[PDB]
Amino acid sequence: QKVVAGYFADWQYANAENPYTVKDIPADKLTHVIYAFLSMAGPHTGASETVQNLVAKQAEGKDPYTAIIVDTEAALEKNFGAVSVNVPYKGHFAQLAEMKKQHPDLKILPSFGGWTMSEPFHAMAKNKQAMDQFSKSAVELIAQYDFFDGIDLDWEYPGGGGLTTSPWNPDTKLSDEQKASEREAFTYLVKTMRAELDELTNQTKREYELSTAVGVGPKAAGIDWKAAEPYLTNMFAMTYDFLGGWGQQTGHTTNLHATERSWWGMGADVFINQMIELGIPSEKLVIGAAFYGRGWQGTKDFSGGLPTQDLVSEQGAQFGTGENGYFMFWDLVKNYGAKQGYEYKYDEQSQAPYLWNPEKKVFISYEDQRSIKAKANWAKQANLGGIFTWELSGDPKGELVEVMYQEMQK
């Protein structure tokens with residue numbers, strides 16, 4: 001029985017072009033739904049003003065580093081439709097409670113953190129009591145919202161390399177002291193959360209999962225996997241965002257196979273193998289697939305052949321699906337076809353599709369049925385735990401979910 005997991009972004013329903021809700025989830029084809037994102041009462045100076053305000057409102061009258069719902073409008077308030085379960089809230093959470101009733105073998109996890117809300121973890125990790133407050137309160141939160149089956153951590157990342165912790169800027173770079181501190185803090189955190197969840201099981205007789213997202217390359221080395229892995233159920237390997245419009249280096253964002261034409265030798269396979277070498281058991285690792293793409297404009301010295309290890313562009317694409325340089329799968333399918341000047345290409349060696357617009361010199365790296373099938377078969381061959389996607393709304397018709405399910409469970 002393999003993991004087939006989908007992240008559900010809490011904000012996507014509000015896009016009138018693809019107003020994706022819990023009711024749109026192909027729950028019969030998934031083993032896990034991961035709700036993104038919750039946080040804690042701590043600093044979010046690096047996030048939008050909107051998130052900072054929401055956090056501040058939720059933080060009021062709570063102890064520092066209490067686990068919180070951030071977008072409570074989405075989670076609890078918005079009426080997405082009547083349900084059969086007897087819960088006093090609406091929002092996505094009522095829909096999730098209904099979904100759990102209708103699909104009782106499905107696991108539903110909240111995810112804490114993500115790119116823009118990882119910042120507070122760094123403050124939290126400086127104090128044992130802060131970690132203990134987060135752990136206790138996160139489990140209290142799922143105890144209240146009892147359709148959840150555990151907790152997913154998305155701290156990007158212990159040892160830095162995240163939004164507010166770039167190592168290449170002296171202003172944000174973590175000291176070596178801070179990196180060692182955070183390495184030990186992550187082990188403590190998962191040990192403490194696992195014991196808290198164990199206490200919940202003493203009370204409810206239900207099993208709960210504790211899982212984490214895992215960054216690639218140096219982003220995985222910041223955790224002591226040999227010490228931490230016993231406490232963790234699954235490791236969601238973020239084998240995407242290898243490249244994107246934040247940099248000029250152009251190519252595959254989520255290619256299965258590293259090749260000689262990979263920028264810096266990158267590929268999912270090499271990164272998953274590295275994770276195994278660091279001590280994550282293969283059967284716990286879940287390979288990451290994308291229902292999005294990333295793109296560039298002003299791609300240089302390229303005419304639609306195979307991408308190479310030195311391929312650059314003037315800049316990230318100054319357009320996207322609701323944010324520049326970021327494209328949802330559905331948008332690519334509907335609006336970036338041959339008739340719009342974009343030629344479909346497939347790098348068979350890398351197992352990755354890409355679009356090339358010769359007239360606009362636009363290169364888009366993405367993921368499709370072919371590459372997802374390749375990833376799922378590779379996952380089976382590598383004795384991995386399964387496959388996951390960021391994120392479900394990219395595939396409104398559930399066509400890519402169908403491939404994950406069919407290929408991962410065959």
# chains A, B, ... in the order shown; residues from 1 in each chain; ligands from 1
call {"tool": "closest_atom_pairs", "arguments": {"of": "region 17-111 of chain A", "to": "region 402-408 of chain A", "cutoff": "9 Å", "atoms": "only C-alpha atoms", "output": "CSV"}}
result
residue,atom,partner,partner_atom,distance
A:26,CA,A:402,CA,8.6
A:29,CA,A:405,CA,5.7
A:30,CA,A:405,CA,7.0
call {"tool": "write_last_selection", "arguments": {"atoms": "N, CA, C and O atoms", "output": "PDB file, in the first residue's frame"}}
result
ATOM      1  N   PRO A  26     -10.013  14.459  -5.484  1.00  0.00           N
ATOM      2  CA  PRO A  26     -10.270  13.062  -5.803  1.00  0.00           C
ATOM      3  C   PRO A  26      -9.902  12.113  -4.654  1.00  0.00           C
ATOM      4  O   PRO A  26      -8.934  11.400  -4.714  1.00  0.00           O
ATOM      5  N   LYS A  29      -8.769   8.471  -4.803  1.00  0.00           N
ATOM      6  CA  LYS A  29      -7.497   8.121  -5.412  1.00  0.00           C
ATOM      7  C   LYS A  29      -6.292   8.492  -4.545  1.00  0.00           C
ATOM      8  O   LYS A  29      -5.165   8.246  -4.968  1.00  0.00           O
ATOM      9  N   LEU A  30      -6.534   9.078  -3.367  1.00  0.00           N
ATOM     10  CA  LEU A  30      -5.461   9.540  -2.508  1.00  0.00           C
ATOM     11  C   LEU A  30      -5.419   8.689  -1.243  1.00  0.00           C
ATOM     12  O   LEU A  30      -6.438   8.179  -0.803  1.00  0.00           O
TER      13      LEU A  30
END
call {"tool": "residues_around", "arguments": {"residues": "residue 79 (chain A)", "least_positions_apart": "3", "cutoff": "12 Å", "atoms": "only C-alpha atoms", "output": "ChimeraX atom specification"}}
result
/A:13,21-22,73-76,82-83,88-95
call {"tool": "write_last_selection", "arguments": {"atoms": "N, CA and C atoms", "output": "PDB file, in the first residue's frame"}}
result
ATOM      1  N   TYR A  13      -9.304  28.448  -3.604  1.00  0.00           N
ATOM      2  CA  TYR A  13     -10.735  28.501  -3.876  1.00  0.00           C
ATOM      3  C   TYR A  13     -11.107  29.899  -4.372  1.00  0.00           C
ATOM      4  N   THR A  21     -12.022  23.619  -4.327  1.00  0.00           N
ATOM      5  CA  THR A  21     -12.464  23.450  -2.951  1.00  0.00           C
ATOM      6  C   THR A  21     -12.206  22.004  -2.559  1.00  0.00           C
ATOM      7  N   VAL A  22     -12.442  21.710  -1.286  1.00  0.00           N
ATOM      8  CA  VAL A  22     -12.280  20.347  -0.805  1.00  0.00           C
ATOM      9  C   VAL A  22     -13.143  19.375  -1.601  1.00  0.00           C
ATOM     10  N   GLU A  73     -10.749  32.485   7.882  1.00  0.00           N
ATOM     11  CA  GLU A  73     -11.847  32.643   6.934  1.00  0.00           C
ATOM     12  C   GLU A  73     -11.961  31.387   6.068  1.00  0.00           C
ATOM     13  N   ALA A  74     -10.837  30.981   5.472  1.00  0.00           N
ATOM     14  CA  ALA A  74     -10.822  29.797   4.638  1.00  0.00           C
ATOM     15  C   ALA A  74     -11.114  28.559   5.478  1.00  0.00           C
ATOM     16  N   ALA A  75     -10.429  28.428   6.626  1.00  0.00           N
ATOM     17  CA  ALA A  75     -10.450  27.179   7.375  1.00  0.00           C
ATOM     18  C   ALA A  75     -11.818  26.944   8.005  1.00  0.00           C
ATOM     19  N   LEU A  76     -12.378  27.997   8.623  1.00  0.00           N
ATOM     20  CA  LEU A  76     -13.461  27.839   9.574  1.00  0.00           C
ATOM     21  C   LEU A  76     -14.746  28.581   9.174  1.00  0.00           C
ATOM     22  N   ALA A  82     -23.395  22.826   3.037  1.00  0.00           N
ATOM     23  CA  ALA A  82     -23.795  22.043   4.199  1.00  0.00           C
ATOM     24  C   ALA A  82     -23.127  20.659   4.175  1.00  0.00           C
ATOM     25  N   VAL A  83     -22.904  20.098   5.359  1.00  0.00           N
ATOM     26  CA  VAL A  83     -22.332  18.772   5.469  1.00  0.00           C
ATOM     27  C   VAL A  83     -23.191  17.941   6.414  1.00  0.00           C
ATOM     28  N   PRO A  88     -19.444  22.516  14.647  1.00  0.00           N
ATOM     29  CA  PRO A  88     -19.927  23.884  14.751  1.00  0.00           C
ATOM     30  C   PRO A  88     -19.313  24.923  13.804  1.00  0.00           C
ATOM     31  N   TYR A  89     -18.286  24.531  13.034  1.00  0.00           N
ATOM     32  CA  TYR A  89     -17.558  25.401  12.124  1.00  0.00           C
ATOM     33  C   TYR A  89     -17.984  25.086  10.691  1.00  0.00           C
ATOM     34  N   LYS A  90     -17.623  25.984   9.765  1.00  0.00           N
ATOM     35  CA  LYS A  90     -17.757  25.772   8.337  1.00  0.00           C
ATOM     36  C   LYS A  90     -16.361  25.689   7.732  1.00  0.00           C
ATOM     37  N   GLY A  91     -16.141  26.438   6.644  1.00  0.00           N
ATOM     38  CA  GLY A  91     -14.831  26.495   6.021  1.00  0.00           C
ATOM     39  C   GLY A  91     -14.406  25.178   5.400  1.00  0.00           C
ATOM     40  N   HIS A  92     -13.122  25.169   5.023  1.00  0.00           N
ATOM     41  CA  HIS A  92     -12.521  23.951   4.528  1.00  0.00           C
ATOM     42  C   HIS A  92     -12.585  22.862   5.591  1.00  0.00           C
ATOM     43  N   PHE A  93     -12.531  23.220   6.870  1.00  0.00           N
ATOM     44  CA  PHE A  93     -12.449  22.187   7.907  1.00  0.00           C
ATOM     45  C   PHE A  93     -13.756  21.397   7.962  1.00  0.00           C
ATOM     46  N   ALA A  94     -14.913  22.059   7.808  1.00  0.00           N
ATOM     47  CA  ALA A  94     -16.135  21.258   7.753  1.00  0.00           C
ATOM     48  C   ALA A  94     -16.149  20.305   6.567  1.00  0.00           C
ATOM     49  N   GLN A  95     -15.615  20.776   5.437  1.00  0.00           N
ATOM     50  CA  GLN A  95     -15.598  19.955   4.245  1.00  0.00           C
ATOM     51  C   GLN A  95     -14.651  18.785   4.451  1.00  0.00           C
TER      52      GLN A  95
END
call {"tool": "residues_around", "arguments": {"residues": "residue 146 (chain A)", "least_positions_apart": "4", "cutoff": "9 Å", "atoms": "only C-alpha atoms", "output": "list in words"}}
result
residues 97, 141 and 142 of chain A
call {"tool": "closest_residue", "arguments": {"among": "A:332, A:185, A:243, A:4", "to": "residue 227 (chain A)", "atoms": "only C-alpha atoms"}}
result
A:185
call {"tool": "select_by_dssp", "arguments": {"residues": "region 255-386 of chain A", "states": "alpha helix (DSSP H)", "output": "PyMOL selection string"}}
result
chain A and resi 268-277+329-335+369-381
call {"tool": "write_last_selection", "arguments": {"atoms": "C-alpha atoms", "output": "PDB file, in the first residue's frame"}}
result
ATOM      1  CA  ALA A 268      15.037  13.849  -8.140  1.00  0.00           C
ATOM      2  CA  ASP A 269      16.805  10.500  -8.273  1.00  0.00           C
ATOM      3  CA  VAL A 270      20.167  11.827  -7.075  1.00  0.00           C
ATOM      4  CA  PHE A 271      18.534  13.873  -4.341  1.00  0.00           C
ATOM      5  CA  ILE A 272      16.379  10.938  -3.102  1.00  0.00           C
ATOM      6  CA  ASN A 273      19.504   8.759  -3.120  1.00  0.00           C
ATOM      7  CA  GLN A 274      21.319  11.391  -1.040  1.00  0.00           C
ATOM      8  CA  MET A 275      18.424  11.402   1.428  1.00  0.00           C
ATOM      9  CA  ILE A 276      18.743   7.600   1.716  1.00  0.00           C
ATOM     10  CA  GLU A 277      22.493   7.923   2.324  1.00  0.00           C
ATOM     11  CA  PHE A 329      -0.891  22.734 -14.970  1.00  0.00           C
ATOM     12  CA  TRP A 330      -4.444  23.562 -16.038  1.00  0.00           C
ATOM     13  CA  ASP A 331      -3.347  27.012 -17.249  1.00  0.00           C
ATOM     14  CA  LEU A 332      -0.489  25.538 -19.281  1.00  0.00           C
ATOM     15  CA  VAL A 333      -2.905  23.045 -20.885  1.00  0.00           C
ATOM     16  CA  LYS A 334      -5.622  25.577 -21.698  1.00  0.00           C
ATOM     17  CA  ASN A 335      -3.600  28.652 -22.599  1.00  0.00           C
ATOM     18  CA  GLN A 369       1.230  12.551 -17.295  1.00  0.00           C
ATOM     19  CA  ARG A 370       4.447  11.187 -18.817  1.00  0.00           C
ATOM     20  CA  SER A 371       6.798  12.498 -16.139  1.00  0.00           C
ATOM     21  CA  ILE A 372       4.501  11.569 -13.271  1.00  0.00           C
ATOM     22  CA  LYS A 373       4.271   8.007 -14.598  1.00  0.00           C
ATOM     23  CA  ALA A 374       8.087   7.930 -14.780  1.00  0.00           C
ATOM     24  CA  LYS A 375       8.363   9.193 -11.182  1.00  0.00           C
ATOM     25  CA  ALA A 376       5.850   6.672  -9.832  1.00  0.00           C
ATOM     26  CA  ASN A 377       7.568   3.758 -11.571  1.00  0.00           C
ATOM     27  CA  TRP A 378      10.951   5.000 -10.352  1.00  0.00           C
ATOM     28  CA  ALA A 379       9.518   5.244  -6.828  1.00  0.00           C
ATOM     29  CA  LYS A 380       8.349   1.631  -7.031  1.00  0.00           C
ATOM     30  CA  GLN A 381      11.737   0.511  -8.338  1.00  0.00           C
TER      31      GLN A 381
END
call {"tool": "residues_around", "arguments": {"residues": "residue 388 (chain A)", "least_positions_apart": "5", "cutoff": "12 Å", "atoms": "only C-alpha atoms", "output": "PyMOL selection string"}}
result
chain A and resi 2-8+29-34+213+234-240+285-291+372+375-376+379+400-401+403-405+408
call {"tool": "closest_residue", "arguments": {"among": "A:189, A:200, A:139, A:256", "to": "residue 223 (chain A)", "atoms": "only C-alpha atoms"}}
result
A:189
call {"tool": "atom_distance", "arguments": {"atom1": "CA of residue 175 (chain A)", "atom2": "CA of residue 36 (chain A)"}}
result
29.7 Å
call {"tool": "residues_around", "arguments": {"residues": "residue 12 (chain A)", "least_positions_apart": "5", "cutoff": "7 Å", "atoms": "only C-alpha atoms", "output": "PyMOL selection string"}}
result
chain A and resi 19-20+393
call {"tool": "write_last_selection", "arguments": {"atoms": "C-alpha atoms", "output": "mmCIF file, in the first residue's frame"}}
result
data_model
loop_
_atom_site.group_PDB
_atom_site.id
_atom_site.type_symbol
_atom_site.label_atom_id
_atom_site.label_comp_id
_atom_site.auth_asym_id
_atom_site.auth_seq_id
_atom_site.Cartn_x
_atom_site.Cartn_y
_atom_site.Cartn_z
ATOM 1 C CA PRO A 19 -12.158 27.976 -7.601
ATOM 2 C CA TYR A 20 -10.925 24.651 -6.231
ATOM 3 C CA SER A 393 -5.717 22.516 -7.548
#
call {"tool": "residues_around", "arguments": {"residues": "residue 136 (chain A)", "least_positions_apart": "3", "cutoff": "10 Å", "atoms": "only C-alpha atoms", "output": "PDB file with N, CA, C and O atoms, in the first residue's frame"}}
result
ATOM      1  N   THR A  66       2.343  29.265  20.300  1.00  0.00           N
ATOM      2  CA  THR A  66       1.140  28.457  20.182  1.00  0.00           C
ATOM      3  C   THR A  66       0.873  28.187  18.697  1.00  0.00           C
ATOM      4  O   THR A  66       0.848  29.104  17.869  1.00  0.00           O
ATOM      5  N   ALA A  67       0.516  26.938  18.385  1.00  0.00           N
ATOM      6  CA  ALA A  67       0.067  26.512  17.065  1.00  0.00           C
ATOM      7  C   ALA A  67      -1.234  27.243  16.713  1.00  0.00           C
ATOM      8  O   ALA A  67      -2.153  27.298  17.544  1.00  0.00           O
ATOM      9  N   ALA A 130       9.552  27.045  24.155  1.00  0.00           N
ATOM     10  CA  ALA A 130       8.844  27.452  22.949  1.00  0.00           C
ATOM     11  C   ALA A 130       8.480  26.213  22.124  1.00  0.00           C
ATOM     12  O   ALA A 130       7.342  26.093  21.623  1.00  0.00           O
ATOM     13  N   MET A 131       9.453  25.306  21.962  1.00  0.00           N
ATOM     14  CA  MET A 131       9.190  24.069  21.240  1.00  0.00           C
ATOM     15  C   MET A 131       8.120  23.243  21.952  1.00  0.00           C
ATOM     16  O   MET A 131       7.196  22.674  21.331  1.00  0.00           O
ATOM     17  N   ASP A 132       8.242  23.181  23.273  1.00  0.00           N
ATOM     18  CA  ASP A 132       7.265  22.427  24.033  1.00  0.00           C
ATOM     19  C   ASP A 132       5.872  23.035  23.908  1.00  0.00           C
ATOM     20  O   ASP A 132       4.885  22.297  23.836  1.00  0.00           O
ATOM     21  N   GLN A 133       5.775  24.384  23.861  1.00  0.00           N
ATOM     22  CA  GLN A 133       4.462  25.009  23.694  1.00  0.00           C
ATOM     23  C   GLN A 133       3.870  24.739  22.300  1.00  0.00           C
ATOM     24  O   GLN A 133       2.682  24.467  22.142  1.00  0.00           O
ATOM     25  N   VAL A 139      -0.829  19.525  18.914  1.00  0.00           N
ATOM     26  CA  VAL A 139      -1.614  18.328  19.138  1.00  0.00           C
ATOM     27  C   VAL A 139      -2.990  18.674  19.709  1.00  0.00           C
ATOM     28  O   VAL A 139      -3.951  18.035  19.312  1.00  0.00           O
ATOM     29  N   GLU A 140      -3.091  19.719  20.553  1.00  0.00           N
ATOM     30  CA  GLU A 140      -4.396  20.146  21.040  1.00  0.00           C
ATOM     31  C   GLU A 140      -5.256  20.571  19.846  1.00  0.00           C
ATOM     32  O   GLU A 140      -6.469  20.355  19.786  1.00  0.00           O
ATOM     33  N   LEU A 141      -4.615  21.207  18.856  1.00  0.00           N
ATOM     34  CA  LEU A 141      -5.356  21.670  17.699  1.00  0.00           C
ATOM     35  C   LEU A 141      -5.948  20.481  16.941  1.00  0.00           C
ATOM     36  O   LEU A 141      -7.107  20.490  16.570  1.00  0.00           O
ATOM     37  N   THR A 192       9.494  15.310  20.708  1.00  0.00           N
ATOM     38  CA  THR A 192       8.546  15.905  21.624  1.00  0.00           C
ATOM     39  C   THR A 192       7.153  15.810  21.000  1.00  0.00           C
ATOM     40  O   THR A 192       6.173  15.432  21.665  1.00  0.00           O
ATOM     41  N   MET A 193       7.020  16.108  19.705  1.00  0.00           N
ATOM     42  CA  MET A 193       5.723  16.018  19.061  1.00  0.00           C
ATOM     43  C   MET A 193       5.224  14.571  18.995  1.00  0.00           C
ATOM     44  O   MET A 193       4.032  14.314  19.164  1.00  0.00           O
ATOM     45  N   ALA A 195       5.892  12.258  21.136  1.00  0.00           N
ATOM     46  CA  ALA A 195       5.435  11.822  22.463  1.00  0.00           C
ATOM     47  C   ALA A 195       4.078  12.450  22.772  1.00  0.00           C
ATOM     48  O   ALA A 195       3.217  11.857  23.431  1.00  0.00           O
ATOM     49  N   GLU A 196       3.864  13.685  22.318  1.00  0.00           N
ATOM     50  CA  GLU A 196       2.594  14.340  22.539  1.00  0.00           C
ATOM     51  C   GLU A 196       1.480  13.601  21.785  1.00  0.00           C
ATOM     52  O   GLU A 196       0.373  13.414  22.291  1.00  0.00           O
ATOM     53  N   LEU A 197       1.742  13.216  20.531  1.00  0.00           N
ATOM     54  CA  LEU A 197       0.777  12.464  19.743  1.00  0.00           C
ATOM     55  C   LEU A 197       0.523  11.093  20.396  1.00  0.00           C
ATOM     56  O   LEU A 197      -0.578  10.573  20.355  1.00  0.00           O
TER      57      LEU A 197
END
call {"tool": "atom_distance", "arguments": {"atom1": "CA of residue 327 (chain A)", "atom2": "CA of residue 361 (chain A)"}}
result
16.5 Å
call {"tool": "atom_distance", "arguments": {"atom1": "CA of residue 363 (chain A)", "atom2": "CA of residue 391 (chain A)"}}
result
21.4 Å
call {"tool": "closest_atom_pairs", "arguments": {"of": "region 150-197 of chain A", "to": "region 99-118 of chain A", "cutoff": "8 Å", "atoms": "only C-alpha atoms", "output": "JSON lines"}}
result
{"residue": "A:150", "atom": "CA", "partner": "A:109", "partner_atom": "CA", "distance": 5.5}
{"residue": "A:151", "atom": "CA", "partner": "A:109", "partner_atom": "CA", "distance": 5.4}
{"residue": "A:152", "atom": "CA", "partner": "A:111", "partner_atom": "CA", "distance": 4.5}
{"residue": "A:153", "atom": "CA", "partner": "A:112", "partner_atom": "CA", "distance": 5.2}
{"residue": "A:154", "atom": "CA", "partner": "A:113", "partner_atom": "CA", "distance": 4.8}
{"residue": "A:155", "atom": "CA", "partner": "A:118", "partner_atom": "CA", "distance": 5.1}
{"residue": "A:156", "atom": "CA", "partner": "A:118", "partner_atom": "CA", "distance": 5.6}
{"residue": "A:157", "atom": "CA", "partner": "A:118", "partner_atom": "CA", "distance": 7.3}
{"residue": "A:162", "atom": "CA", "partner": "A:115", "partner_atom": "CA", "distance": 6.8}
{"residue": "A:163", "atom": "CA", "partner": "A:115", "partner_atom": "CA", "distance": 6.4}
call {"tool": "write_last_selection", "arguments": {"atoms": "C-alpha atoms", "output": "compact mmCIF listing (two decimals), in the first residue's frame"}}
result
# COMPACT_ATOMS: atom_id res chain seq x y z
CA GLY A 150 -1.53 13.70 12.72
CA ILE A 151 0.76 16.58 11.88
CA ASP A 152 2.98 17.48 8.92
CA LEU A 153 5.99 19.81 9.42
CA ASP A 154 7.13 22.09 6.62
CA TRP A 155 9.95 24.01 8.24
CA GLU A 156 12.02 25.39 5.35
CA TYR A 157 14.58 24.77 6.78
CA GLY A 162 14.76 29.55 3.48
CA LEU A 163 13.06 32.91 2.84
call {"tool": "residues_around", "arguments": {"residues": "region 43-60 of chain A", "least_positions_apart": "3", "cutoff": "6 Å", "atoms": "only C-alpha atoms", "output": "VMD selection string"}}
result
chain A and resid 70 116 119 to 120
call {"tool": "write_last_selection", "arguments": {"atoms": "C-alpha atoms", "output": "mmCIF file, in the first residue's frame"}}
result
data_model
loop_
_atom_site.group_PDB
_atom_site.id
_atom_site.type_symbol
_atom_site.label_atom_id
_atom_site.label_comp_id
_atom_site.auth_asym_id
_atom_site.auth_seq_id
_atom_site.Cartn_x
_atom_site.Cartn_y
_atom_site.Cartn_z
ATOM 1 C CA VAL A 70 -3.747 31.541 10.014
ATOM 2 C CA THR A 116 6.565 32.174 3.876
ATOM 3 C CA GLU A 119 10.442 32.100 9.883
ATOM 4 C CA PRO A 120 8.854 31.530 13.351
#
call {"tool": "closest_residue", "arguments": {"among": "A:348, A:85, A:280, A:172", "to": "residue 257 (chain A)", "atoms": "only C-alpha atoms"}}
result
A:348
